[PDB]
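# Reading the structure
Single-letter residue listing:
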Amino acid sequence: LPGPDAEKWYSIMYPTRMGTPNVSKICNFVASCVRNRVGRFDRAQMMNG
Amino acid sequence: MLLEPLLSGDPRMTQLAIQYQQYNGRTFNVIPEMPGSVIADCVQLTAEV
Amino acid sequence: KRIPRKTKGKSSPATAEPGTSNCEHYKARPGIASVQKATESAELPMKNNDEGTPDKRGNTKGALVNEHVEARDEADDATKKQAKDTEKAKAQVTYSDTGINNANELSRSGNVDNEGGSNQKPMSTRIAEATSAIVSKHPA
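Residues numbered from 1 in each chain as written, not as in the entry; some residues may be left out. Chains lettered and ligands numbered in written order. Part of a larger assembly, values for the part shown. Heavy atoms only, no water.

Its PDB record attributes the structure to cryo-EM, giving the resolution as 3.6 Å.

Here's what the structure looks like:
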């Protein structure tokens, strides 16, 4: 998404993207997640480029 | 130019073909059949090596 | 030997001879210089359409503009070039403002990338940002 600051936005938008190093509650949630359900998964392309 | 209009989004091609349609929906596909190509054969040979 | 290159790439008795006598007496009937100057007008290959194409680093090169507006301004520029080549104040053979409604035509531009999104931020900065989001440093 556009804007001058784009650092925090990937971590906020995608909770299943981070690593799971420890047995903290955040990683306890993230290690109990599915992984093929992140980002784009469908589009409708009608013209070449 | 060389290969530059093929870089217009979706470069994952297989084979080139050009076609038109009449008014009644009938089309005419023309698919030129490629001969074997020397640089790609050499790339496959050096990949085997 | 030692041929030059157009582009850089990786590295940053008595002989009377009664047969021939070459002086004069035939003029070119359509004209040698005129017909060959037409030929070297026609000899030049087509200029390239590098718009909407990736560069070395991966960013789409060209200006940020709507696709249809770029196609219409491109027809405008071709009409002005035709006017300068026929040396009138208006090109008699015109490419724009024709009777054909062509409001759906699109010529390629730097607005759209290869995947299908916009180029408000270039792809190198987008990739660098998406990988600089997740880093980690040493503890104090």
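All right, on to the pattern of salt bridges then. By the definition in use, this model includes 3 salt bridges over all chains. With a closest N to O distance of 3.4 Å, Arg40 of chain A and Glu115 of chain C form a salt bridge. Within this pair, whereas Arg40 of chain A is found in the segment after α2 (25–30), its partner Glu115 of chain C is found in the loop between α2 (67–86) and α3 (123–132), the two belonging to separate chains. Here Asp113 of chain C ties to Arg126 of chain C by a salt bridge, and the two come within 3.6 Å at their closest N and O atoms. One end of the pair, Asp113 of chain C, is in the loop between α2 and α3; the other, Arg126 of chain C, is in helix α3, and 13 residues separate them in sequence. (Salt bridge = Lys/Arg side-chain N within 4 Å of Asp/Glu carboxyl O. Helix = DSSP H or I, 4+ residues; strand = E, 2+ residues; numbered from the N terminus.)

This part takes up a nonpolar patch on the surface. A surface patch of nonpolar side chains, amounting to about 390 Å² of accessible area, comprises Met46 and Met47 of chain A together with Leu106 of chain C. Classification of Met46 of chain A by relative accessible area gives exposed; the value is 69%. (Patch = residues over 30% accessible without salt bridge, like charges linked within 9 Å, V, L, I, M, F, W, Y side chains within 5 Å. Areas by Shrake-Rupley, 256 points an atom, 1.4 Å probe, with all protein chains shown as cover. Buried < 20%, exposed > 50% of the residue type's maximum accessible area, 1.4 Å probe, protein only.)

So, on to the pairing of strand β2 (residues 27–30) of chain B. By the bridge criterion, 4 bridges tie strand β1 (residues 18–21) of chain B to β2 of chain B in an arrangement that is antiparallel. Counted as the bridge partner of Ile18 of chain B is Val30 of chain B from β2 of chain B. (Pairing = 2+ DSSP bridges.)

Pairs of aromatic rings are described using the distance from one ring centre to the other and the angle between the two planes. All names here are of chain B. If you walk through the whole model with that rule in mind, you get 1 aromatic pair over all chains. Judged by centre distance (5.4 Å) and plane angle (40°), the rings of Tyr20 and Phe28 are tilted. Of the residues examined, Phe28 reaches a relative accessible area of 35% and is grouped as partly exposed. (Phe/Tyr/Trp six-rings, centres within 6.5 Å; stacked < 30°, edge-to-face > 60°.)

In this complex, chain A contributes 11 residues to the contact, which on the side of chain C involves 11 residues. Buried surface at the junction of chain A and chain C, summed over both partners, amounts to about 930 Å²; 51% is from carbon and sulfur atoms. If you sort the residues of chain A by the area they bury against chain C, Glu7, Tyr10 and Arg17 of chain A come out on top, with a joint share of 42%. The residue makeup of the side of chain A that touches chain C, split by class, is 4 nonpolar, 3 polar and 4 charged. (Contact = heavy atoms within 4.5 Å. Buried area = accessible area lost by both parts, 1.4 Å probe. Nonpolar A, V, L, I, M, F, W, Y, C, P; charged D, E, K, R; others polar.)

Let's shift gears to α2 of chain C. Between its first and last C-alpha atoms α2 of chain C spans 29 Å; for 20 residues at 1.5 Å apiece the expected length is 28 Å, and the two agree. Within two residues after α2 of chain C, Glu87 of chain C carries a phi angle of roughly 60°, on the positive side. (Expected span 1.5 Å × (residues − 1).)

Next up on the list: a negative patch on the surface. Residues and elements named next belong to chain C. On the surface, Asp73, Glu74, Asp76, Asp77 and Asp97 cluster together into a patch of negative charge. Within the secondary structure layout, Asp77 lies in helix α2. Among the residues examined, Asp77 registers a relative accessible area of 53% and is labelled exposed. (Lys, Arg positive; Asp, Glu negative; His and termini not counted. Charge placed at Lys NZ, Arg CZ, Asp CG, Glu CD.)

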